[PDB]
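Single chain ahead, written as structure tokens, the form deposited in one PDB entry.
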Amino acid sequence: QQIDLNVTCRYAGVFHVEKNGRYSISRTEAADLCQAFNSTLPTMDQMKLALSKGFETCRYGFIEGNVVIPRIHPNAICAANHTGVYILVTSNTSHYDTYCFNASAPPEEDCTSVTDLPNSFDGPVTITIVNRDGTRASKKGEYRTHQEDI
């Protein structure tokens, strides 16, 4: 009963979250997960400002409307040498990572550690926030509000 949530630096309030280091989040769960961080799924605009603040990943994730990978440096194995916000057009499958957006975040680069999931509710799961620099916060809770995701 244990979930790792892997989080990135927030850029203009937009961060990256992987569940258990693999693509295993539905669109419904993307909403619930972000809402546990007191966040909403980003709009394209919020993501485009996130990107200009110096944000990139090598992983597909949900935003408001699409599944995307933000890209600064052209790389062959990430979104296929594309730069800017790369939109996934064709895919058989539903589960990816997610992006979230906290409006309370600093306006640019925020590479401080995330030490809480301030709005998770009561549950039996161990939920471990896992940071890029390795630091951890664990709490017993739940965030999934749709049974089809549990």
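Heads up: residue numbers just count along the shown sequence, starting at 1.
Just so you know, the form solved in complex with a small molecule exists too; it's not on screen, but the next bit is about it.
Problem - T43 within 4.5 Å of the small molecule in the entry with it bound, heavy atoms - result: No - in the entry with it bound, heavy atoms of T43 and the small molecule never come within 4.5 Å of each other.
Exercise for the section: Would you please decide whether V114 lies within 4.5 angstroms of the small molecule in the entry with it bound, comparing each non-hydrogen atom pair? Expected result: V114: yes, in contact with the small molecule in the entry with it bound.
Handout entry: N102: touches the small molecule in the entry with it bound, heavy atom cutoff 4.5 angstroms
Key = Because a heavy atom of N102 falls inside 4.5 Å of the small molecule in the entry with it bound, the answer is yes.
Problem - Contact of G65 with the small molecule in the entry with it bound (heavy atom, 4.5 Å) - result: Taking the distances in the entry with it bound, the answer for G65 is no, it never comes within 4.5 Å of the small molecule.
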